[PDB]
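What follows is a single structure, written as structure tokens, with notes after it.
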Amino acid sequence: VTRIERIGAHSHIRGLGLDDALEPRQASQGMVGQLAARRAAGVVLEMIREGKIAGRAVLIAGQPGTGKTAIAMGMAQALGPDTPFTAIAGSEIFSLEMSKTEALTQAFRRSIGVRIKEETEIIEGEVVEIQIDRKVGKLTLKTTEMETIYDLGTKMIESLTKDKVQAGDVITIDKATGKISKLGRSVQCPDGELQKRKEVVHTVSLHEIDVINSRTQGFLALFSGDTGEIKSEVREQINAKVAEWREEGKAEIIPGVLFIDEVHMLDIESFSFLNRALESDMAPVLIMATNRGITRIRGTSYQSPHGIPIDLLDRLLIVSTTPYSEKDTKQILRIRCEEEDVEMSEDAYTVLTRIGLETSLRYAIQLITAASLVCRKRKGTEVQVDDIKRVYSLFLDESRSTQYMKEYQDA
Amino acid sequence: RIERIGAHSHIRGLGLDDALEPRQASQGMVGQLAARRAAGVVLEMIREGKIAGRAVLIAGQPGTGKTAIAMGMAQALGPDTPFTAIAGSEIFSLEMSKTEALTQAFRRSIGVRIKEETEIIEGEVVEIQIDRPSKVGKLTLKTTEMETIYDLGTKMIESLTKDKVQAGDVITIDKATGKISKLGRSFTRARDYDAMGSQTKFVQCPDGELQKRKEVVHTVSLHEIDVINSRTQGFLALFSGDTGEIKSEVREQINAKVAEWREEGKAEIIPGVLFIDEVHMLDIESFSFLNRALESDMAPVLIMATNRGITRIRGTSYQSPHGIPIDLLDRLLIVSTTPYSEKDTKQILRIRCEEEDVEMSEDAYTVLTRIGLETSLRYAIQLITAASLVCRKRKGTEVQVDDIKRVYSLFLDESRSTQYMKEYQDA
Amino acid sequence: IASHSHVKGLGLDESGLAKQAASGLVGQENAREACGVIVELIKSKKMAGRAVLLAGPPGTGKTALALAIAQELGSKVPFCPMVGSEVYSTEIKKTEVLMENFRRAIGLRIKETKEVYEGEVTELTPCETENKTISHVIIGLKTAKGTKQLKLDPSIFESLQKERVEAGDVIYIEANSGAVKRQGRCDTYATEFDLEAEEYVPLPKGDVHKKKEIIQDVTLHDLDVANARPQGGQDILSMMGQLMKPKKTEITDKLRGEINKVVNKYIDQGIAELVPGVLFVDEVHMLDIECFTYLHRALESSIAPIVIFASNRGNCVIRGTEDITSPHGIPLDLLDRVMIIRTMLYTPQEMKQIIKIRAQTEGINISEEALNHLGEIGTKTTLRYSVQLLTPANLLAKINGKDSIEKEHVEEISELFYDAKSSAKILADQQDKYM
Amino acid sequence: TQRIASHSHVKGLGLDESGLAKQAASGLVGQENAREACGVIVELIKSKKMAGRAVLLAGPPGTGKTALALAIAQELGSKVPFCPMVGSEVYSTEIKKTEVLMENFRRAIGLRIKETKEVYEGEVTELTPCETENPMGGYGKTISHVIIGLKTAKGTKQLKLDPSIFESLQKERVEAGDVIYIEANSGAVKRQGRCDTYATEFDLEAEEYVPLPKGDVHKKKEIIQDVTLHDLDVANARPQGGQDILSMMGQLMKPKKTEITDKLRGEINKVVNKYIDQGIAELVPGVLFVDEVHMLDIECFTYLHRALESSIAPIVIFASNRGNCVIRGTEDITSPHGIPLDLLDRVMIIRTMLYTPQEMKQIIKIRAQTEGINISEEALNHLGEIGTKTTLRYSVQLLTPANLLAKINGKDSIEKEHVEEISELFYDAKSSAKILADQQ
Amino acid sequence: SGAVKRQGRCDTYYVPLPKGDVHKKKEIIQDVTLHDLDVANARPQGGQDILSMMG
Amino acid sequence: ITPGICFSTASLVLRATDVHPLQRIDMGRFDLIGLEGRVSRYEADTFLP
Amino acid sequence: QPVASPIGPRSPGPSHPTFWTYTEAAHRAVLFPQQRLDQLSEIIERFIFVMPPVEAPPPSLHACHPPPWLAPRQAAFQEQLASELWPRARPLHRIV
Amino acid sequence: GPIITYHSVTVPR
Ligand SMILES: Nc1ncnc2c1ncn2[C@@H]1O[C@H](COP(=O)(O)OP(=O)(O)O)[C@@H](O)[C@H]1O
Ligand SMILES: Nc1ncnc2c1ncn2[C@@H]1O[C@H](COP(=O)(O)OP(=O)(O)O)[C@@H](O)[C@H]1O
Ligand SMILES: Nc1ncnc2c1ncn2[C@@H]1O[C@H](COP(=O)(O)OP(=O)(O)O)[C@@H](O)[C@H]1O
Ligand SMILES: Nc1ncnc2c1ncn2[C@@H]1O[C@H](COP(=O)(O)OP(=O)(O)O)[C@@H](O)[C@H]1O
């Protein structure tokens with residue numbers, strides 16, 4: 001019934017809703033209005049897909065709630081799988097097992113894929129019989145269309161000893177490794193050919209190459225037990241070896257995206273690092289998002305636009321997203337209602353639109369679900385205006401909450 | 001044997017009656033009636049133990065018996081109830097966070113006691129015989145009332161051999177585990193002593209039944225269970241405070257297991273005390289943690305002491321009484337100690353030199369009380385021993401006024417030192 | 001033993017409206033029925049990353065309400081209490097503490113079948129073969145209902161040797177785990193020697209080889225940790241859980257990747273049920289600006305739990321900024337992402353009946369004159385202080401031979417102990433003496 | 001012999017039997033009042049009765065605070081522990097500040113433990129058992145004793161042990177003609193190797209062909225070992241041993257190493273009390289000396305409240321240098337000596353005075369005497385005169401370079417010309433400060 | 001070095017039979033740096049004793 | 001016990017990125033660290049010359 | 001080897017100085033990890049009950065068309081480890 | 001085989 005992923009803040013964003021002239025539909029693929037910024041996102045999305053130009057930087061700026069993280073998720077969903085999209089917050093680089101500069105380069109290099117195309121051949125069938133002469137033996141395998149004998153040589157019989165003493169299992173044997181994997185007790189047995197040549201297109205980030213080759217069993221990319229790779233040596237020769245895979249047929253590189261949400265949280269050490277990390281061939285596109293105005297940069301006393309130093313703002317293109325009118329607000333609320341299970345009166349939509357246009361958009365989006373539940377209490381089936389008024393009284397927004405501080409409490 | 005008399009050795013506990021009525025100078029504590037009575041009330045609530053996470057702040061001037069009252073509570077409470085004393089600056093570890101340090105301080109003052117009856121054989125060995133083969137043998141044991149004989153299995157023969165025990169040893173066998181422990185040599189354990197061997201470590205042999213059932217109690221602190229379950233090393237519990245215990249299914253898991261043991265009666269929970277001295281040293285993060293650490297059912301009572309009043313809180317620029325936020329200050333009952341009357345000062349000095357085993361003349365008491373009333377009580381307590389040494393160097397019998405005057409000239413008291421600091425040294 | 005015990009539910013009707021005094025809560029009607037909406041939001045399992053801020057002065061029940069939510073939900077869903085101060089770790093990234101606490105607020109109830117071999121082992125033989133290590137060990141087992149024989153792995157032989165088993169003694173094997181226990185000698189052998197180091201136990205019953213279905217429940221965090229720092233059982237990588245074993249910044253590649261994949265794979269083949277729960281970050285007002293800014297990305301994730309924040313401050317400086325100040329001590333950017341529930345400051349009558357509920361929770365008899373006096377103390381000082389006077393007054397009652405609190409009892413107790421408000425004037429009058 | 005350092009000349013507080021100072025007793029000159037004061041605290045140490053008592057040596061730099069602080073160490077002798085630390089050693093990467101303080105606190109409490117052990121050794125020549133009447137039914141070969149003959153360079157003696165030693169002896173696999181070790185009370189047999197009289201002549205073997213023991217076959221002596229409580233603590237925290245895989249924390253060095261009260265108190269004070277009340281060991285409570293105490297943090301100063309109020313504490317000598325000064329770790333809290341008033345309430349303050357010219361001539365003379373310099377009375381007077389203008393320490397330090405100039409110039413002693421020359425080659429603090437004030 | 005690396009099983013029974021001469025000889029003229037040398041000298045290799053755990 | 005223990009999958013050449021037989025240099029002429037437990041002051045200073 | 005400990009290094013015998021400098025009573029107080037396990041055994045038997053609610057084999061397997069030498073070397077290394085210090089883990093078996 | 005016996009006995013104690 002309920003899987004891991006459930007209804008979140010950006011679930012309705014199925015893509016960046018553009019015509020293929022990179023022209024935004026006023027409402028499509030879950031995205032509403034925000035035309036100039038969305039079409040700018042379209043241009044940079046096609047620039048991502050082209051891939052020929054390295055280390056480009058886009059800042060998407062605007063008030064809180066004006067669709068900028070929504071635009072970033074729209075780019076991620078429009079780009080689809082099998083092109084890296086590494087999404088982090090600026091707060092992620094502040095770490096205790098590695099320095100902020102090193103975490104930032106690691107983020108850069110999770111964001112470049114290497115696409116490597118490999119042919120193996122895979123056996124898949126139901127075990128009919130197996131033998132042991134204490135050592136040599138034989139194995140008979142069955143697909144619904146054929147059966148055969150195989151000779152169990154030393155490595156194969158050793159491998160099959162790992163989970164033995166059962167038959168009728170439907171299993172796969174990789175002729176490269178001898179890696180046995182069993183689907184279960186004959187779940188149905190397989191169709192077609194027993195043994196087939198098979199192709200896999202692995203896409204592996206540069207961070208994964210770097211980590212796998214850092215150490216014996218260095219493939220702990222699963223738990224971040226690396227603490228700063230040996231740059232200029234175990235990282236320069238991986239760049240060289242990938243450049244050797246390329247222009248020969250072994251591999252092709254897939255330059256992805258690094259989305260740094262809330263980049264105002266980086267500090268001037270980190271920004272100074274970005275300056276040069278953006279200038280190499282293996283630099284992905286990074287796009288980054290910021291609410292803040294002209295504010296103090298972290299780590300110093302300097303005021304700057306977006307809280308980003310000016311010598312890095314020189315290095316990027318600044319999309320501006322703009323606040324929403326009544327019509328766009330109403331349409332966003334409708335799409336949120338359609339992503340959730342709720343239905344509302346048109347008068348309820350009107351009241352909620354004015355509520356959200358008064359205080360803030362995100363508060364109204366939150367009220368949707370609360371009003372749905374409130375109507376469910378009285379065993380209604382469509383959210384009415386008095387549901388919204390009740391919920392508006394139960395749950396305050398920041399402005400009215402601040403106004404209610406006409407009594408006193410700690411500081 | 002040698003735990004030299006420190007600043008607080010004289011107070012053997014709160015000098016209260018059966019009705020929590022503080023006496024003037026009984027049981028080593030002097031004066032300070034109101035605060036001592038309050039300490040008695042909260043000590044009785046520690047003993048009753050049915051309320052968790054209640055909190056007391058002993059406030060007052062520097063020198064007015066706050067730490068004396070705290071150690072009086074520690075001494076009156078006695079063993080078998082955890083009293084964990086910690087300075088507020090002890091929780092700033094490099095190995096673990098402030099809040100893990102505070103959790104461990106809290107948990108170290110809750111005890112879990114598992115009480116179990118077990119049957120033992122206790123006896124003087126009259127003979128042991130054992131053959132090499134699956135080796136096999138016999139053991140004969142005596143108590144003043146009887147003797148009996150046991151055939152021994154292989155594991156028992158092994159464990160007996162592992163201790164090299166022999167005739168005349170007086171031993172116990174735990175029938176459940178079979179570990180031998182010779183309490184000593186019976187008066188029939190004398191060696192032939194035709195040549196040198198073991199010394200004459202003689203002790204009496206046992207009385208009554210040879211096999212008997214007796215109670216054993218295994219008491220461990222909650223921090224102790226927690227540590228030894230944390231990771232398979234576990235001798236952490238002695239090694240060092242090297243921790244960072246995983247909250248996930250160790251706090252809740254220990255709490256649920258100990259609650260189940262409490263409910264089914266396998267274990268008794270014995271909540272103790274956590275005393276944080278100089279609590280003003282805690283960080284606003286630390287006070288914030290205490291807020292919700294108190295609001296728990298495995299929380300001991302914690303007592304706190306502080307010398308300072310209206311001053312900024314550590315880690316911020318917020319003014320507040322006692323240097324504690326009025327957030328945590330609202331979870332507390334505050335006990336304020338008062339400054340001492342001249343007679344209370346004289347009587348503290350009298351008890352204190354009685355503890356230090358030095359005689360003084362009544363004029364010496366008079367002048368020393370004057371000193372410790374113009375300057376500070378701790379200084380008058382420090383002059384006792386210094387004047388005693390000056391006295392003994394002249395082979396005197398008791399401390400006289402001239403001894404105290406001499407040693408007063410010899411050492412300064414931070415008032416005279418600041419007065420003499422009119423030389424601009426390294427300002 | 002008590003502390004916040006009195007409260008055991010939100011005290012709401014079938015209409016989800018506050019009953020004014022029920023289930024241990026005796027005020028806060030608007031706030032409690034708002035929490036009713038929140039518990040319904042949690043039990044629907046439909047949403048992710050929705051966040052609530054309980055905001056109001058100290059002692060106004062914003063933790064009573066948050067824990068009463070945990071009771072309204074029951075013990076079946078995860079409720080993870082956390083203090084903001086807990087993010088400042090030495091061994092792990094500050095933002096990592098937070099993102100793992102999100103993971104243990106999501107539960108997973110999953111059913112397992114594990115196979116057991118048990119009984120008196122009547123015979124053993126290692127299968128010797130040339131490689132020249134042992135191949136297997138053959139075993140025979142007996143129970144009060146039958147007998148069988150089997151072949152077992154060299155690792156299981158190794159653990160049988162760690163245990164030092166012998167022919168004719170009782171064992172248990174859980175073959176999926178591979179774990180073994182020597183449970184003693186059989187009761188029948190207790191006559192064999194007059195003294196032994198053994199423990200004797202009656203023979204096991206039921207089948208010598210058995211199976212049963214066990215409905216475990218875990219959290220996503222437990223799966224994460226299990227794969228980041230494996231116990232593993234059947235390996236010598238205890239050497240990694242040793243001379244190292246700290247906390248690690250385990251990462252998206254498995255946390256948002258592999259673990260999510262295998263948990264969905266369990267869910268949509270019927271083996272498991274996901275149970276989203278609550279993360280209750282109490283004292284949120286003193287997270288770092290880095291932590292607040294990370295909670296943006298955390299509340300916007302499609303897998304996150306419901307997060308309840310409790311805050312206590314006015315408008316004050318956000319920790320880690322040193323310049324910018326904001327309401328509740330929370331930046332406006334995160335304050336835009338939460339639904340705010342006010343908690344009111346109590347009137348004298350509500351406060352008085354809190355005193356009564358508290359008194360009867362820990363078995364205190366109090367006369368109504370003394371109860372009214374504690375009400376007066378409460379409005380003069382604060383609710384929590386006059387509530388705290390109850391137990392000391394009961395102790396003085398016992399000492400005076402009474403069975404209940406009376407007027408002069410609370411007078412004596414309220415004289416020995418001072419509140420924060422009443423101690424400040426002592427510290428202000430004699431300013432240059434306390435330091 | 002060993003190199004001359006700043007304080008090599010102080011050999012004691014210089015106190016006669018009434019506890020006064022004549023003028024310059026045992027390498028210290030002047031400071032009679034201060035030397036009398038810590039003469040009292042020396043006897044406070046020797047009486048072993050008090051715990052956690054503390055004294056603060058306060059005065060301007062160069063007024064002998066360190067000098068007489070360690071003259072106390074000379075008065076106490078090497079028997080008691082005197083543990084010096086500077087106020088800057090508390091800041092550490094591996095371990096919390098207050099834990100350094102605790103380590104140093106019980107690094108200053110000694111425990112000297114006396115134990116006789118008695119031993120038999122020699123080339124073993126006889127190894128014959130002694131049969132006896134059958135204890136039980138007729139098995140025969142009942143061994144009641146075993147005779148063993150040991151040879152040393154003194155004589156050959158035969159010895160009877162009970163049969164358990166026969167078993168241990170065989171399990172140790174000793175042979176006739178090798179050299180063993182027997183520990184009478186414990187009962188161990190240890191094979192220390194075949195006797196060298198059966199020499200390695202063409203044997204290359206590494207097992208020790210140990211020489212025939214000198215002295216008697218039987219020898220006993222009272223071993224007398226002094227350990228600090230901190231040594232016991234550390235040895236229990238990270239122990240040695242070739243087993244118990246935790247002991248193979250051997251590649252790793254030892255961070256995280258803050259010791260625990262459960263061990264510190266619960267497991268280690270009991271054994272010390274037992275040895276003391278048994279007649280095996282004596283506690284030797286010593287001194288912890290903390291100079292430049294002004295460098296400690298406010299957290300450290302507050303920890304010292306608890307630490308100094310313990311029953312299990314040494315006596316602590318603090319030395320401080322600063323005036324009324326900001327306490328480290330505070331936001332502009334100013335207090336005397338850089339030490340919080342709260343801790344100053346707990347220390348007896350000894351005031352050290354600033355020297356007169358006469359006293360400085362005496363100290364200069366003693367330092368010249370100690371460094372091995374011969375100095376003319378004219379050069380001594382000139383050193384005194386230039387040392388009245390600047391600090392004593394500079395005046396003293398000019399001696400050795402001036403003596404090197406004298407030696408280069410062929411002179412056997414410092415003529416006034418050389419101190420004049422050195423006083424222009426090198427500057428003091430004040431002269432250099434004036435140079436810096438002139439040029440930008 | 002005397003270093004042995006097993007490249008696989010021969011093709012006929014897996015890796016192709018090497019197509020050159022059996023005794024390959026070449027002048028490697030490739031260059032290194034001082035830091036690479038320092039790093040290679042910082043820690044030991046092999047040993048099979050306690051050193052195994054340093055691996 | 002979860003058989004859902006994950007297994008990472010990669011390409012052959014990825015796992016073979018840092019190997020080369022006849023294009024790598026011999027570092028055995030530079031490794032001082034490898035001498036200390038195994039070579040003697042006398043051997044290098046006195047015998048070999 | 002025990003450079004600054006209360007307990008002495010190995011001594012060949014009473015013929016050499018450091019036999020007569022270290023008391024046995026000081027040796028009885030360092031309580032090597034063996035007696036730590038022994039004296040804790042009574043509470044190890046009772047108070048150690050915590051398990052992780054889920055358990056998985058080593059952090060991952062790593063499948064591919066690997067270098068042929070790559071697998072023999074890891075297996076040999078694990079043989080070389082588990083052969084040496086697994087007996088040393090036997091004392092910890094009661095806790096584990 | 002070898003049935004070597006150890007006794008220790010409380011003789012006249
Ligand atoms: N153009 C848009 N189309 C659809 N949804 C939007 C759009 N703009 C904002 N939203 C929604 O409104 C809410 C505001 O979040 P968001 O715009 O991501 O904040 P910010 O712009 O500060 O990153 C989210 O629920 C988001 O999905
Ligand atoms: N009520 C008391 N009874 C006995 N001795 C006291 C009392 N109050 C203070 N003292 C003595 O005075 C000294 C100061 O007391 P202390 O508790 O350290 O003060 P505080 O801790 O409040 O600064 C102690 O060393 C103690 O010996
Ligand atoms: N509505 C209520 N009904 C019953 N008891 C209450 C109520 N509100 C508060 N209390 C009691 O008063 C205390 C103060 O409330 P609390 O939740 O601690 O507020 P805060 O968390 O802001 O300090 C609680 O611990 C609880 O014992
Ligand atoms: N009373 C004294 N007798 C002899 N030499 C002294 C005396 N006082 C100081 N000195 C010498 O002068 C130096 C300065 O004294 P010292 O105690 O080191 O300075 P501080 O007081 O700053 O620690 C010492 O190193 C010592 O050589």
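Lettering and numbering for the structure tokens are positional, with chains as A, B, ... in the shown order, residues counted from 1 in each chain, and ligands counted from 1 in the shown order.
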
- request: Within 9 Å of residue C:182, counting only C-alpha atoms, which residues show up once you throw out same-chain ones fewer than 2 positions away? Write them as an MDAnalysis selection string, please.
  value: chainID C and resid 160 163:165 169:172 180 184:185

- prompt: Got a sec: who's within 8 Å of residue D:144, counting only C-alpha atoms, leaving out chain neighbours fewer than 5 positions off, as a VMD selection string?
  reply: chain D and resid 129 to 132 162 to 163

Spatial neighbours of stretch 416-427 of chain C, max dist 6 Å, only C-alpha atoms, sep filter under 6 positions, as a VMD selection string: chain B and resid 38 309 321 329 333 to 335

- prompt: Residues within 6 Å of ligand 1 (only C-alpha atoms and all ligand atoms), as a PyMOL selection string?
  reply: chain A and resi 9-10+30-34+64-70+332+362

field: At most 10 Å to chain F: residues in chain E, only C-alpha atoms, as a PyMOL selection string
entry: chain E and resi 1+5+24-32+37-38+40-47

Just the selected residues (C-alpha atoms), exported as a compact mmCIF listing (two decimals), in the first residue's frame, please.
# COMPACT_ATOMS: atom_id res chain seq x y z
CA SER E 1 60.91 -7.24 -8.78
CA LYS E 5 50.64 -11.53 -11.57
CA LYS E 24 59.26 -8.06 -23.19
CA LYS E 25 61.85 -5.29 -22.73
CA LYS E 26 61.17 -1.55 -22.81
CA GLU E 27 62.63 1.72 -21.51
CA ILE E 28 60.05 3.32 -19.23
CA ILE E 29 61.00 7.01 -19.22
CA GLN E 30 57.99 8.14 -17.17
CA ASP E 31 58.55 10.67 -14.39
CA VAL E 32 57.57 11.05 -10.72
CA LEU E 37 58.14 9.53 -3.08
CA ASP E 38 57.56 10.93 0.43
CA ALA E 40 55.31 6.06 -0.63
CA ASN E 41 57.90 6.18 2.17
CA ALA E 42 55.47 7.25 4.91
CA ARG E 43 53.93 3.80 5.54
CA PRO E 44 55.18 0.20 5.28
CA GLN E 45 53.86 -2.59 3.06
CA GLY E 46 53.46 -6.34 3.49
CA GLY E 47 54.96 -8.12 6.50

message: With only C-alpha atoms as the counted atoms, please give the residues lying no more than 8 Å from stretch 4-7 of chain F, apart from itself and same-chain residues fewer than 5 positions off, as a ChimeraX atom specification.
response: /C:227,258,262 /G:56-63

message: Residues of chain C within 12 Å of chain E, counting only C-alpha atoms - could you list those as a VMD selection string?
response: chain C and resid 236 to 237 239 to 240 242 to 244

The selected residues should be written to file as a PDB file, in the first residue's frame (atoms: N, CA and C atoms).
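Produced file selection_19.pdb, reproduced below:
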ATOM      1  N   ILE C 236      35.335 -12.224  10.150  1.00  0.00           N
ATOM      2  CA  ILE C 236      36.283 -11.651  11.104  1.00  0.00           C
ATOM      3  C   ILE C 236      36.324 -10.138  10.938  1.00  0.00           C
ATOM      4  N   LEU C 237      35.296  -9.568  10.319  1.00  0.00           N
ATOM      5  CA  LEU C 237      35.249  -8.110  10.279  1.00  0.00           C
ATOM      6  C   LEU C 237      34.739  -7.511  11.577  1.00  0.00           C
ATOM      7  N   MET C 239      37.057  -7.177  13.368  1.00  0.00           N
ATOM      8  CA  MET C 239      38.245  -6.337  13.345  1.00  0.00           C
ATOM      9  C   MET C 239      37.938  -4.924  12.865  1.00  0.00           C
ATOM     10  N   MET C 240      36.844  -4.735  12.122  1.00  0.00           N
ATOM     11  CA  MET C 240      36.389  -3.396  11.768  1.00  0.00           C
ATOM     12  C   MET C 240      35.458  -2.826  12.834  1.00  0.00           C
ATOM     13  N   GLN C 242      36.033  -2.881  15.745  1.00  0.00           N
ATOM     14  CA  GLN C 242      37.005  -2.968  16.822  1.00  0.00           C
ATOM     15  C   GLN C 242      38.245  -2.191  16.402  1.00  0.00           C
ATOM     16  N   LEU C 243      39.004  -1.640  17.345  1.00  0.00           N
ATOM     17  CA  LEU C 243      40.154  -0.762  16.987  1.00  0.00           C
ATOM     18  C   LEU C 243      39.670   0.260  15.948  1.00  0.00           C
ATOM     19  N   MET C 244      38.428   0.752  16.062  1.00  0.00           N
ATOM     20  CA  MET C 244      37.826   1.746  15.128  1.00  0.00           C
ATOM     21  C   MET C 244      36.399   2.022  15.617  1.00  0.00           C
TER      22      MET C 244
END
